[PDB]
Structure formats: structure tokens, C-alpha cells
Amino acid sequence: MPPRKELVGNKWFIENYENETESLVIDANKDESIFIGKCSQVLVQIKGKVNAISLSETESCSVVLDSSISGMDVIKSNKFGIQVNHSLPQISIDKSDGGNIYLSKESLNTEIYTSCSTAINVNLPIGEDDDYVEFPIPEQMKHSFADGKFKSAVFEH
């Protein structure tokens, strides 16, 4: 499949891009949604508010965005990168290995949901001098019956 970058109605499709030296810019509108799939070594830059964002089946791809009304979902993506300039309510990550997320102050409270994902780090601008601070995302859960009840918990060493 050859490189695809088209707006179909209110849906943008960015697919089949390989080793892109230049940033792939999308001047989007708040009613549009972004779908990025089957891309490798590419940086997608979304300018302007959008309704939703999806990153699917990608390798070493990075996404720079302003804001997303409904959020963003990441599936089967390895070594991905996400940078939010404004904000989004949530980011879902599934079956992905390696990922680095950088949140802006406005987007500090973004919810992150993970499933079968590894090497995921979230960076918050809460260090000294606006500097980022990294938070590695835990991957295991512990489950057992105790104190009369069966409970699940995030495993922490």
C-alpha cells in the first residue's frame, strides 16, 4: 500500500509512511478525527483541536498534538511517542511495547489506561523549573484472598 494522507469527510487517514525525514503536518478542525496506521519512523504533527486520535500498528512513530476532545487510543504500537501541547481527557494504550508520553501543565490530569503494554513512561512538567519528571508505568497485578475478601492490586516492588 502506498502513502496515504487524506480527509474522508471528517476523518483523516495517515497510513503507509516509512522513514520520514520531515514532520507530517495536519492542519485539522475540531470536528475531525485522526487515524494513523501502518507507519514507521514518522512524526505526525496535529495542529488545532481535534475530536479524537488513533495510533494503530506503528513502529517508532511520534505524535505531537494540541488537544483532543475525546482523547487518544494507542494499539499495537511500539516505541511510540506522544506530546500534548494543550490537553485531552485520556489516552488508552493496548498491546504496545515502548512508549513515551509528555504532558503539558494543562493536560496534567490526563487519565492513562493500559492493557498488555510494556516499557511505558509518562512525563509530567512537575519538576523544578518546569522540568519533566518521569513515571514508569507498572505492568503487573497481584490478586489474593485476604481479610475475608479477594482483592486485586497493582504490583509495586
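Numbers follow the displayed sequence, beginning with 1.
According to the PDB record, 125 to 133 carries the higher mean C-alpha B-factor of the two stretches 37 to 45 and 125 to 133. Look at the C-alpha B-factors of 24 to 32 and of 107 to 115. On average they run higher in 24 to 32. Taking the deposited Cα B-factors for 90, 96, 60, 54, the highest one is held by 60. Split the chain's modelled residues into thirds by C-alpha temperature factor. Residue 18 is in the highest one.
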